[PDB]
Each structure stands twice: as structure tokens, then as C-alpha cells.
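Read through the structure below, which is laid out as C-alpha cells, and then see the notes.
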Amino acid sequence: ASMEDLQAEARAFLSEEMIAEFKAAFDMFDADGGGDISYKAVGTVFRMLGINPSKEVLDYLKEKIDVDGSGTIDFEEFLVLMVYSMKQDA
């Protein structure tokens, strides 16, 4: 499946009340404070929630932060990489 397919999975897997909890970690690196954090932020949130990212996820983020790291993503994208990790990892 594609990452877009994972978007639909992520959105349905976690309830709004649950997303609100992870959203708090999102706000940590959010400069404007609305729906936007660097690629490095999602890596840090995994650590704060105590969740282990999948090889595909951690390598992808590492790639983006290694080459740039300034690029930012929204809640949806963040939710994808987090859910995709727990789906396959344990």
C-alpha cells in the first residue's frame, strides 16, 4: 500500500480523543503552534511517547533531517508515521 493508504488507516485507527494526546507532543516543536513541525520533531515525539518507530519510518525521517531537517509536516502526516510504526512494530 501507499503512504496515502496509511493516512486513511492512521486517521481511523486513532480516535480524536487519542490524537489530542499525541497532538501535545506535536506542539512541542510547533513554531507557529498550528499543524506544522519539522521532520526532526516527529522523531523526537516518538521518544517522548516512548514508542519505537519502524525501520521504514526512522530511516525516512533520518534521511530528511540529514539532508535538510528544516522541512515541516502537518498532523495528518505525523499521524501516518506514528501509526504505521505501531502497525508493524510489535
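When we follow the authors' numbering, the leftmost residue of the sequence shown carries the number 5, and every step to the right adds one. Even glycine gets a Cβ: it sits at the ideal position worked out from N, Cα and C.
- I think residue 2 touches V46, with their Cβ atoms under 8 Å apart; what is that distance to the nearest whole Å? Residue 2 is absent from the model: the chain starts at 5 and stops at 94.
- Query: For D93 versus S42, is the C-beta spacing smaller than 7 Å?
  - Reply: Between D93 and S42, the gap from beta carbon to beta carbon reaches 7 Å or more.
- First through last residue of the alpha helix (DSSP H) which encompasses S74: Where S74 is concerned, there is no enclosing alpha helix (DSSP H), given that its DSSP letter is neither H nor E.
- Query: What distance in whole Å lies between the Cβ atoms of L53 and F26, which are believed to be in contact at a cut-off of 8 Å?
  - Reply: Taking C-beta atoms under 8 Å as the contact rule, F26 and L53 qualify, at a distance of about 7 Å.
- Apart from the five residues on each side of it in sequence, which residues of its chain come closer than 6 Å, Cβ to Cβ, to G39? Excluding residues within five positions, the ones whose Cβ falls inside 6 Å are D78 and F79.
- Unbroken alpha helix (DSSP H) run spanning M52, endpoints: That run of the alpha helix (DSSP H) goes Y43 to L53.
- Taking 7 Å as the cut-off, decide whether the C-beta atoms of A29 and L83 are in contact. Contact: no.
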